[PDB]
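Participant:
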Amino acid sequence: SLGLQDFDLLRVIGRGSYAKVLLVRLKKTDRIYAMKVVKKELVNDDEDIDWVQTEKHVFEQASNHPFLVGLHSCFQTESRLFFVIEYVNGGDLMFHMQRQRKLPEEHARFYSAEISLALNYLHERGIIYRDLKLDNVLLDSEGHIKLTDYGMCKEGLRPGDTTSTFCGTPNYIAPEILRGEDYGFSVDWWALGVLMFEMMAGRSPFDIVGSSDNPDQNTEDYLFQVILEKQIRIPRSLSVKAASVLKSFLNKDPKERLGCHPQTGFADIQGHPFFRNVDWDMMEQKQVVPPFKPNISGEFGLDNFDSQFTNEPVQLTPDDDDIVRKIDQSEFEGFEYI
Amino acid sequence: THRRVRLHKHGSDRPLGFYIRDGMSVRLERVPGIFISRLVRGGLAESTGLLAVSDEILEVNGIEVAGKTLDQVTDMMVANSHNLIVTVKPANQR
Amino acid sequence: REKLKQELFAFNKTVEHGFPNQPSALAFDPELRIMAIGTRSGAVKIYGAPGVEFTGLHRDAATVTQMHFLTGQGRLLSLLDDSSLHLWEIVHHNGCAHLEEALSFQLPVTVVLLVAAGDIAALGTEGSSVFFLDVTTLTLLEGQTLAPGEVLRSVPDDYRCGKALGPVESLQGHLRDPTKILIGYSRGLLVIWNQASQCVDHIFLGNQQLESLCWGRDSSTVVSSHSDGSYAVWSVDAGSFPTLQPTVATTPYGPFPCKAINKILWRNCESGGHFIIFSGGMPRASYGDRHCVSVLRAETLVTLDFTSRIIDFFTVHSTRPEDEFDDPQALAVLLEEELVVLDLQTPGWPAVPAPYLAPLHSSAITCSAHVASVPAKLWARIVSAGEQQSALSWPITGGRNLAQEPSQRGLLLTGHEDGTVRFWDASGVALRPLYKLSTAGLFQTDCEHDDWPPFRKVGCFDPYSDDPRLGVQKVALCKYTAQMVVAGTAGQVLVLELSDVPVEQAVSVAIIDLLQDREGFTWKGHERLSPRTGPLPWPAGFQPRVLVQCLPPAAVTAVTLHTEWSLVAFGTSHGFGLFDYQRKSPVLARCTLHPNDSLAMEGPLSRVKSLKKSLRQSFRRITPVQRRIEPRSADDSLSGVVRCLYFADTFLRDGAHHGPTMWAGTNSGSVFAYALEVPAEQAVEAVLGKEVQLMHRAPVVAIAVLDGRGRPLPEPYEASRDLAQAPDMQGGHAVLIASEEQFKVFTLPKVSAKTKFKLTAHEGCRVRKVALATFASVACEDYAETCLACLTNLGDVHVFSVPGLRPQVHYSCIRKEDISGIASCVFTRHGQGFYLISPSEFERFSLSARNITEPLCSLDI
Ligand SMILES: Nc1ncnc2c1ncn2[C@@H]1O[C@H](COP(=O)(O)OP(=O)(O)NP(=O)(O)O)[C@@H](O)[C@H]1O
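Residue numbers (the working numbering), protein chains in the order written: chain W, 161 to 498; chain Y, 35 to 128; chain Z, 757 to 1617.
What follows is the structure, given as structure tokens:
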């Protein structure tokens, strides 16, 4: 049965908030996969066991879509909690943005449309993805996006219902969350508007504002007020159609936003001029051609990841020294298997 | 109050060994309080032993904390950081 | 102390400047000739004439959208998203004329309108019903009420079978005669109804969903709009009562799907063609998202296209019943970010300039600068440049300004994301725009970009950004010789001469490497701007002497000039340098980074930036949160940022010779003092004095040298201005340094703690900004001592007395919450300050007891 001894650990390819991603190989069947590690000692809250349990339920509901990632194996050995998942051959979209800085409109349109199909699949099934992020978006070897951390999602949402928990990464939280409103999947379309600006401009629209440096600038108390109260401005170099998409998702009122209507919303996303160029049926299929194909160097494309990770040492961190008295050794069972 | 604890200058590389939190305390007179929470390994607070993750802090350097926020008390301890005194309530540790 | 302090300082706020944030309601009164604006924050401001302002702010800070004036009377009605309505009343408090709340109303909600001569108000709700109120005493009249069943009793033959009448909407007032009200129901049904006889005078049919009604002063015809892009025009006479089909009904933009029309005004009864003005109606398939007002007269239709959402609009016209003309002189429109007014006398309908309520925000405000006691020669040169770069009537002209003519010409000047500097009349009650300099003209562009709707673009507000690194990071101005320094996000720094003549010249550009001898970390961030080569035409006004550039194009966190010496200093996230503009060679450059780093040499997006967590009951999941406690260290933060750049003539080497010196200051708590050798074939040389290293490593925020009389060193070229400015030299100087958590002063030939004060030890605090100021006494102003004012991270201002470092006062100027307001501050040299309570508005505070300001107005009620 599944357990840590069978998979050999090649290199760390991502350090996240609460998790370590390793490239891992098998010999019994010769294939290679990513494996994400959570620390059972870290997920010790009642809310922590809920978010890590519900993360299994999102893979359970996301059983097949081309733009998500599938749970291929799961195991819970030695104070660690393992999800084995499709290896992304092309890195995250954030590293691609470091290399490129700015995407031309032909490149940026493709990624936002594929991310819209992925987002709509979660919403339609009953999931709010809650944490769209420029590094949660990933590339295949052919460049198609995958959307890939399911930790903070809202499970089981009925169409037209809402949630009240405060959640998501600070640069991408939607205004209705910070107000304390009850919110629907309008928040995921807000986070797409932010990410589209970051692709096309090369900078956050909700950056730390272009005034001169001060402490209490890198605080979320500053950023949350910047996103609530400040106006947002599009670079005047952008095509008029691209500006209109960004404005229409960037609307601070969820009822006004492009895509946020409780029935016809995605049909407006299909009908908007920027999107009018692209065939949504061919875009779910193999048949659309991506504009950029990521690296084929190294044994497995290890170069695509951050130097901070692709030079890290390979062990699980050496031991639970003294922590070994405190740790859990059974409670997370039942979400151990596919 | 039970005791006021000297936390020393390190004279060396070793940090002071704490993280602190907000919370609440009571006698029926429920009120906000600031607490010790993580005695981090290899920091000089661990050399003193009278501290615990259980404990409320009542004064910093002989000034009463009672009205301050947690963001104000980490200010009152990022400076003021070469010659700490902290005053703590429970004598019985219960 | 025995209260001697009270002659020097006491704390006040003054009324704000610039356009209001989140506008929401409007009113205008043709008989007082005053305008009012209501706002989502619950504010009720009034803007009657040049230098006239008033401001209400309700008991409850709820959003509003309805306002009406009692035309010619001291009172106004304002409607909240709540059930409540309440009456605002204006009173001539003997000096300080002001608006205050009279009475409150409640019901067990949607629109209100008022009547002249037959003095009555009428309200409409979300249920299909109308109610009447005598504004003299806030209650309904219990008999004058109009339920859906009563208005249904009339029923046309299609509606006889149905009771499902839609929401009440668009109550419209009377039309010369005193007793008729016009009523809309969103279903599409329209009625005219009599108060004095409690009956329908006419019905008007309608079938599609409604959203406008209008009256014409001669009631021969009336116009209405529908929430589908249509409008119904109708005529009226005593035989027309069955109203079978509309008279001129149309949709103004073709066969297409064309949105909704949310308001119409009718001005047809004048001489000439049929003036109609309407909001919305644009074809949704091609012009859907944008915000526009269409004006029609005869064959001339234009659409006015605005850079922000339309709130409301009004036309300048006469309410005198004996008049026969609709007299549309000018049209005024409230956008979400600007108020515009346009005059319709000549074809193409020109925009009208505004004396007040300017859109300060029109490019985002990146910095605040202030200069005080400005020379009349400079001010005349600046306004001459302003007027050289820049029927004509202003309609809103009601009440009168009672305040004094300026006895102290203060200038506040501001830098913007567009790379532009704006100059503003900070003296007295309100700002006025003087001049606008564009730095952007120097730099090449790295990137680059009637029909069916008859479009013309209007309003000064711009919703686009030109370039992220044209933005002005710091400004400083040298009054006494008309030179200015401006510093930008890509390491650019310009020094400019004021030259009130148009001329063509090529700048000299220099570049300085902060890490010249230090090994190169790899800068992958902002690529540097390229200045356009060869000669360039420049306007009469500020013109660049020279450009200086930094090797890493980081934000220029500090800049200063000392014009007598002809030096400028500039400082970044990574290092600082000195430059002499007289002979173009750089004086020095120095790197002050730690030999390894994190928050440097990077693009605008990065993985490493961790955001310090909130402590609110908003912003976290429901309840403890961790903060650590730790002594500061040499790599704990972006430690190479340069905060101070200061010039002084002071005894640093030895007590005999008064040598000219420059002081850097850094996030590390390193204070590199330098001695300088100014010549009068040769150029300025610089050598390091004593590096002062702080005991707590907290960032230095300000440095000031106290002359041995306890008075700060003067401003640079002040030898042209006074005798009294001439400093002590016989007593040895002390240097005052402000760190983010404590203040110290030191004796310059031997740095030793003369005085010290530690704020944060006594109470949890931090210092954001510091400046030194003088406090002339309210009487016997001969007593005019000096103090430093410091801005707390909690928004409090504290005043400290130099050299003694004793806290004189403890005042709650700004709240904890508005961190962007705290970060925006500038201090005037007389204990007064400006801060941005909105990106749209400056608020002003004064802590000097002698320098104070109040509302001071009168009006013919
Ligand atoms: N399947 C994968 N293939 C390749 N790289 C991956 C894969 N899954 C995650 N990564 C990388 O690992 C990083 C962090 O993994 P992630 O699953 O997002 O951890 P996390 O803690 O949930 N991150 P975060 O979203 O920031 O909280 C990502 O940003 C990617 O760079």
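Where a beta carbon is used, it is the ideal one built from N, C-alpha and C, also for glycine.
1) Between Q1382(Z) and chain Y, is the shortest Cβ-Cβ distance under 9 Å, so that the two count as touching?
2) Please go through the same chain and pick out, in chain order, the residues whose beta-carbon is closer than 7 Å to the beta-carbon of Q964(Z), but skip the five residues on each side of it.
3) Check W971(Z) in the structure and name its three-state DSSP category.
4) Leaving out five residues on either side along the sequence, give the residues of the same chain with a beta carbon under 7 Å from the beta carbon of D1336(Z).
5) Just how far apart, CA to CA, sit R285(W) and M58(Y)?
6) Going by other Cβ atoms of all chains shown within 10 Å of its Cβ, with 16 needed for buried, is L897(Z) buried or exposed?
7) With a threshold of 6 Å on Cβ separation, who are the neighbours of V1265(Z) within its own chain once the five nearest residues in sequence on each side are excluded?
8) Less than 9 Å between the C-beta atoms of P1470(Z) and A1458(Z), yes or no?
9) Which chain Y residues sit within Cβ distance under 8 Å of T1548(Z)?
10) Note down, in chain order, each residue of its chain lying with its Cβ closer than 7 Å to the Cβ of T1122(Z), except the 5 sequence neighbours on either side.
11) Which residues in chain Z sit within 8 Å of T325(W), going by Cβ to Cβ distance?
12) Closest to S371(W) by CA distance: which of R1585(Z), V1434(Z), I1578(Z) and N1607(Z) is it?
13) If we call anything under 9 Å between Cβ atoms a contact, is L969(Z) one with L946(Z)?
14) Which residue comes first and which comes last in the alpha helix (DSSP H) that contains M58(Y)?
15) What is the rounded straight-line gap between the Cα of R1274(Z) and the Cα of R1465(Z)?
16) Do you know how far the Cα of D838(Z) is from the Cα of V867(Z)?
17) Can you pull the chain W neighbours of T1122(Z), defined as C-beta to C-beta under 9 Å?
18) Hey, would you say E1093(Z) sits closer than 9 Å to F1211(Z), going by beta carbons?
19) Taking the beta carbon of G804(Z) as the centre, do at least 16 other beta carbons fall within 10 Å, making it buried, or is it exposed?
20) Strictly under 9 Å for the Cβ-Cβ distance: is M257(W) near chain Z by that measure?
21) Compute the Euclidean distance between the alpha carbons of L263(W) and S1354(Z), then round it to the nearest angstrom.
22) Return the Cβ separation of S1604(Z) and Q1588(Z) in integer angstroms, given the expectation that the two are a contact with Cβ distance under 8 Å.
23) Grab the span of the alpha helix (DSSP H) containing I959(Z) for me, first residue to last.
24) Can we count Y178(W) as close to ligand 1, meaning its CB is less than 8 Å from some heavy atom?
25) Do we get a CB-CB distance below 9 Å when we pair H36(Y) with the residues of chain Z?
26) Rounded to a whole number of angstroms, what is the C-alpha to C-alpha distance between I793(Z) and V800(Z)?
27) Please check if any C-beta of chain Z sits within less than 9 Å of the C-beta of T121(Y).
28) Is any beta-carbon of chain Y found at less than 9 Å from that of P1387(Z)?
29) Using a Cβ distance threshold of 8 Å, determine whether the region 49–65 of chain Y contacts the region 474–488 of chain W, with at least three qualifying pairs required.
30) Check the C-beta distance from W1105(Z) over to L1116(Z) and give it rounded, since I have them as a contact under 8 Å.
31) Identify whether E1320(Z) lies in helix, strand or coil by the three-state DSSP scheme.
32) In whole angstroms, what is the alpha-carbon distance linking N204(W) and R1571(Z)?
33) Tell me the start and end of each unbroken beta strand (DSSP E) in the region 1223–1256 of chain Z that is at least 3 residues and wholly inside, in chain order.
34) If we ignore side chains and look at the alpha-carbon of each, how far apart do residue 697(Z) and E809(Z) end up?
35) Taking 8 Å as the cut-off, is the C-beta of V229(W) nearer than that to any heavy atom in ligand 1?
36) Would a C-beta distance cut-off of 9 Å place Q951(Z) and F888(Z) closer than the cut-off?
Facilitator: From the atom records:
1) yes
2) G944, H982, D984 and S986
3) coil
4) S1322, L1323, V1343, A1439 and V1440
5) 41 Å
6) Exposed, since its Cβ has fewer than 16 Cβ neighbours within 10 Å.
7) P1287 and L1303
8) no
9) The premise fails here: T1548(Z) is roughly 10 Å from chain Y at the closest Cβ pair, so nothing lies under 8 Å.
10) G1171, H1172, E1173, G1227, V1228 and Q1229
11) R1377
12) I1578(Z)
13) Cβ distance < 9 Å, so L969(Z) and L946(Z) count as in contact.
14) Per DSSP, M58(Y) belongs to no alpha helix (DSSP H); it is in the beta strand (DSSP E), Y53 to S59.
15) 42 Å
16) 12 Å
17) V369, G370, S371 and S372
18) Between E1093(Z) and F1211(Z), the gap from beta carbon to beta carbon reaches 9 Å or more.
19) buried
20) yes
21) 26 Å
22) 6 Å
23) Looking at the DSSP string, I959(Z) is not in any alpha helix (DSSP H); the run it does join, the beta strand (DSSP E), is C955 to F960.
24) yes
25) no
26) 6 Å
27) no
28) yes
29) no
30) 26 Å between Cβ atoms; not a contact.
31) coil
32) 37 Å
33) 1228–1234, 1239–1244 and 1248–1255
34) Because chain Z here runs from 757 to 1617, residue 697(Z) falls outside it and cannot be looked at.
35) yes
36) yes
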